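One chain comes next, on its own, written as structure tokens: the form deposited in one PDB entry.
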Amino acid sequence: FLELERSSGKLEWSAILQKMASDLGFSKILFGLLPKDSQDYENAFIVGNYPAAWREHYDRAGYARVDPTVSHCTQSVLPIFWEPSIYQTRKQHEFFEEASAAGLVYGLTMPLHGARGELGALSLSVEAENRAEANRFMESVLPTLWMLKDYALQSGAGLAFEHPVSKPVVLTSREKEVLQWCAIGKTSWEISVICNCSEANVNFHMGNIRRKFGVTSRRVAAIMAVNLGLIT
């Protein structure tokens, strides 16, 4: 909730968005941001947990020209919901069918307009059995996610267009062991009985792991490792 932890790195900042999206109930989340007077959507700051196969197909097909939500973001500041009414033309109909194969059927996108002219979009998708159930859930968390859009825009605008040199991290056999167990949601005590160690032992290892990544929370560091193909 209000633990507005804003890091100084792209990877951690992206991990906190995925952490907050899953905590709210959303399965997938995407954050896009473009500099002031830029119109090149392929060369844009895009982060999140969308399927990598879908993101690659999306850019190769130039879907930013057909996608109705990015067109909506250039003209409005109000959200647009992934309703069948937003896909009008024939190309947008094919876009909806293929996007669903990637799992993006229900959701919404929040248009981003920064103070220095940045243009972007924050997309969140939800898994539900029907559109009526999905629409009821998104309406329940719509006010809280409305605040998340502006907080992610203000904190993300500073780290979107930098190019920091990340230093490679490597963990011991024990550290990489307790981290993948923490990634699936096991608390510190539960990892102690699985690995047959004390609870202070696993808490000591997570502290070293969090310093190696440069983070201030274990759950954020856990999803960061799987982003670089380190665990699972």
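Numbering starts at 1 and follows the sequence shown. For clarity, a rigid core is taken as the largest C-alpha set superposing within 1.5 Å between two forms.
- Remark: when the other structures in 4 other deposited structures of this protein are fitted onto this one via the rigid core, 56-64 deviates more than the alternative among 56-64 and 25-33, judged by RMS CA distance.
- As the entry records it, the average C-alpha temperature factor is higher for 158-166, out of 91-99 and 158-166.
- Stretches compared: 219-227, 17-25. Higher mean C-alpha B-factor in the entry: 219-227.
- Listed residues 117, 79, 120, 84 were ranked by CA B-factor as deposited; 84 comes out on top.
- Sorting 61, 47, 194, 66 by the CA temperature factor given in the entry leaves 194 at the top.
- Ranked by C-alpha B-factor against the other modelled residues of its chain, residue 139 falls in the middle third.
- When all modelled residues of the chain are sorted by CA temperature factor, residue 176 is found within the highest third.
- When all modelled residues of the chain are sorted by CA temperature factor, residue 36 is found within the highest third.
- In the PDB entry, residue 52 places in the lowest third of its chain by CA B-factor.
- Sort the modelled residues of the chain by CA B factor and residue 70 lands in the middle third.
One more form of this protein should be noted, the form solved in complex with a partner chain, which is absent from this view; the next part is about it.
- Contact annotation for residue 83: at least one heavy atom lies within 4.5 Å of the partner chain in the bound PDB entry.
- Using a 4.5 Å cutoff between non-hydrogen atoms, residue 130 does not count as a contact of the partner chain in the bound PDB entry.
- Under a 4.5 angstroms non-hydrogen atom cutoff, the partner chain in the bound PDB entry lacks residue 120 among its neighbouring residues.
- The partner chain is not drawn, but in the bound PDB entry it has no heavy atom within 4.5 Å of residue 100.
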